[PDB]
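Engineer: task: produce atomic coordinates for the following.
(one chain, ligands or ions: 6)
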Amino acid sequence: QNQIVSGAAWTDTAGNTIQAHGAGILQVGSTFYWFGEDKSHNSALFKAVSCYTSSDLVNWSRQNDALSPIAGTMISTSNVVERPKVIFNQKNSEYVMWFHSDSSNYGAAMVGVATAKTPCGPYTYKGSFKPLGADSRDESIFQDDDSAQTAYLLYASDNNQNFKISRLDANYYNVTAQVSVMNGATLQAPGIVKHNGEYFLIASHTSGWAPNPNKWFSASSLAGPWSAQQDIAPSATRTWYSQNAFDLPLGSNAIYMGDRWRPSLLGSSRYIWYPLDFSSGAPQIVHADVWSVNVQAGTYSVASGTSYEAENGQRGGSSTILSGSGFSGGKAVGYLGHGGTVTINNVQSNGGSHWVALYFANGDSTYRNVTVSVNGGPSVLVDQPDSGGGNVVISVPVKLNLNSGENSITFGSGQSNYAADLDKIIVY
Ligand SMILES: *[C@@H]1O[C@H](CO)[C@@H](O[C@@H]2O[C@H](CO)[C@@H](O[C@@H]3O[C@H](CO)[C@@H](O)[C@H](O)[C@@H]3O)[C@H](O)[C@H]2NC(C)=O)[C@H](O)[C@H]1NC(C)=O
Ligand SMILES: OC[C@H]1O[C@@H](O[C@H]2[C@@H](O)[C@@H](CO)O[C@@H](O[C@@H]3[C@@H](O)[C@H](O)O[C@H](CO)[C@@H]3O)[C@@H]2O)[C@H](O)[C@@H](O)[C@H]1O
Ligand SMILES: *[C@@H]1O[C@H](CO)[C@@H](O)[C@H](O)[C@H]1NC(C)=O
Ligand SMILES: *[C@@H]1O[C@H](CO)[C@@H](O)[C@H](O)[C@H]1NC(C)=O
Ligand SMILES: OC[C@H]1O[C@@H](O)[C@H](O)[C@@H](O)[C@H]1O
Ligand SMILES: [Ca+2]
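Structural biologist: Numbering: from 1, shown residues only. Ligands and ions are numbered 1, 2, ... in the order given. Let me share the structure:
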């Protein structure tokens, strides 16, 4: 049944908001382990490397925290611990965790290591350092599938200007040699997945918390040469408002796992997971608002839903129709909220709880929100991130309770702040 619904608030088996940002994924046997920053405290300072497990990548269960602060050290609560990655060391039968270990102004620019014999740990800190003497901020660990299972650190170096790939020693404890450097790449948030014997690097450019168009690069060796940057998503959408975290191989394709960073409320940062489809020979995000993964078969199924054009709705109050090449049908409804509404009618449904995808444009740099009322019911307030332009449409999901047969859905009523411009909705 379960569904990967990007943008919705995800909850563990305990009903608590998952707090595993900067995802790192490890698969011991039939269990998946998801590692991330715990951001419960709405701050970038360190609180925990969390630990969640699952058997099918949707139903997650929060274990003990795999790494926890230590006062007077550099994994203390005055420091920063980002993007935990974990591979398994066959030789030592040992789980080695890498992370970006830094100071609160990111001037320290180090890696940190920790080990444990249990996948979810807890892990003991072995210390932090500059890899081969150089800056390391955003990083990732690639485990090759050669016989030695050689591991590589991927990291943004020299104040994020030069992207580097270096080989890990046979213990995964330190870096033995450089392999590759892209000078002036200003790449961060890296991941690598190996597909058809070719290495694909995925990475953001550097733009603070602001999402930018993430890029793919390929090479037949980790040393290179690497292809020039290409898009994994439509450029205007800024990776569908997200930033790469982990790229997990899945059958003959992969899953793109990104974070939607909310700097002003970091705990509430969302998880953006999409099929990464290689049918063209290269990774492309499949913009699936709702989709399912069958891990055992390495397949994904993209749920198909029904589109309703916001402009075919019934406007109320001071809402308007707007025109733009970014809108589906060429139109959207503006001036929603602050006295303007639109009701979408004859939304057909077998009844129950249905994921509905609100397609909108938000030209501001800050969040808006919209009220959503089904058949005159009490409204839920749905968040609307900055979209990248009044002509750029991304989508957020809201789970709604419909009746069998004909429903209505009302946007913008009972809110004094303007909402974002509604392009359409897709009822799954
Ligand atoms: C729903 O979206 C609206 C905007 O679309 C959000 O309203 C904005 O809300 C913020 C925070 O509540 C307001 O901020 C503050 O303004 C006061 C003085 O006005 C200032 O002293 C504070 O430092 C802060 O900046 C902001 O005025 C408001 N802007 C607009 C245009 O409405 C609202 O917060 C969202 N609601 C939810 C539940 O997320
Ligand atoms: O804001 C913190 C947050 O955002 C990301 O990245 C930023 C930081 O890693 C930061 C560290 O100094 O560097 C940003 O990059 C600029 C660089 O692009 C510019 O040209 O020069 C300055 C030199 O001071 C700086 O290096 C980067 O955007 C991370 O993705 C996220 O995890 C978190 O750290
Ligand atoms: C976990 O989610 C999966 C959906 O694929 C399913 O087994 C069920 O809904 C959940 N199981 C439990 C025990 O909560
Ligand atoms: C790795 O080597 C660095 C030198 O850059 C050193 O500072 C650090 O302590 C070493 N750590 C381990 C675990 O070998
Ligand atoms: O500020 C009020 C207006 O702002 C515009 O940017 C938006 O496209 C309109 O639909 C309306 O919301
Ligand atoms: Ca439209």
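
Engineer: please count neighbours and contacts with C-alpha atoms only from this point.
Structural biologist: Noted.

Engineer: neighbours around residue 317, how many?
Structural biologist: 15 (other C-alpha atoms under 10 Å).

Engineer: what's the separation between it and residue 411?
Structural biologist: Distance of residue 317 to residue 411, given as C-alpha to C-alpha, to the nearest Å: 12 Å.

Engineer: with residue 312 instead?
Structural biologist: Residue 312 is 13 Å from residue 411, by C-alpha to C-alpha.

Engineer: so which of those two has more stuff around it?
Structural biologist: More crowded of residue 312 and residue 411, by other C-alpha under 10 Å: residue 411, with 27 against 17.

Engineer: can you pull up the bridge partners for the more buried one?
Structural biologist: residue 342, residue 372 (DSSP bridges).

Engineer: hmm, residue 374 and it touching each other?
Structural biologist: No - contact criterion C-alpha atoms under 8 Å: residue 411 and residue 374 do not qualify, at 9.2 Å.

Engineer: and the helices in this protein, which stretches?
Structural biologist: Counting by DSSP state H, the segments of the chain that form helices are 238-241.

Engineer: okay, and the beta partners of the spatially most distant residue from the centre of it?
Structural biologist: The C-alpha centroid of the chain is most remote from residue 317, which lies 37.1 Å away (C-alpha atoms, centre = their mean). Note on residue 317: beta-bridge partners by DSSP bridges are residue 340.

Engineer: next up, the contacts around it.
Structural biologist: 339-341 (C-alpha atoms under 8 Å, 6 or more residues apart in numbering).

Engineer: neighbours of residue 328, how many?
Structural biologist: For residue 328, using other C-alpha under 10 Å, the count is 17.

Engineer: no, scratch that, I was asking about residue 277
Structural biologist: There are 20 residues near residue 277, going by other C-alpha under 10 Å.

Engineer: tell me who's in contact with the one residue in the stretch 251-400 of the chain that gets nearest to ligand 5.
Structural biologist: Nearest to ligand 5, among the residues of the stretch 251-400 of the chain, is residue 334, at 3.2 Å (C-alpha to the nearest ligand atom). Residues counted as contacts of residue 334 (C-alpha under 8 Å, 6+ apart) are 319-322, 420-422.

Engineer: and which of those is nearest ligand 2?
Structural biologist: residue 420 (25.5 Å).

Engineer: ok, the closest one - contacts?
Structural biologist: By C-alpha under 8 Å, 6+ apart, the contact set of residue 420 is 334-336, 360-362, 368-370, 384.

Engineer: try it again at 7 Å.
Structural biologist: 336, 360-362, 368-369, 384 (C-alpha atoms under 7 Å, 6 or more residues apart in numbering).

Engineer: export those to JSON lines and append columns for distance to residue 163.
Structural biologist: Listed next are these as JSON lines, based on distance: C-alpha to C-alpha, whole Å:
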{"residue": "336", "distance to residue 163": "44"}
{"residue": "360", "distance to residue 163": "35"}
{"residue": "361", "distance to residue 163": "33"}
{"residue": "362", "distance to residue 163": "32"}
{"residue": "368", "distance to residue 163": "35"}
{"residue": "369", "distance to residue 163": "37"}
{"residue": "384", "distance to residue 163": "33"}
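
Engineer: by neighbour count, which of those residues wins?
Structural biologist: Busiest of those [other C-alpha under 10 Å] is residue 360, holding 30 neighbours.

Engineer: quickly list what it is bridged to.
Structural biologist: Counting by DSSP bridges, residue 360 is bridged to residue 394, residue 422.

Engineer: tell me which residues form a beta bridge with the closest residue to residue 193 other than its chain neighbours?
Structural biologist: Closest residue to residue 193 apart from its sequence neighbours, by C-alpha to C-alpha, 6 or more residues apart in numbering: residue 200 at 5.4 Å. Following DSSP bridges, residue 200 is listed with bridge partners residue 193, residue 218.
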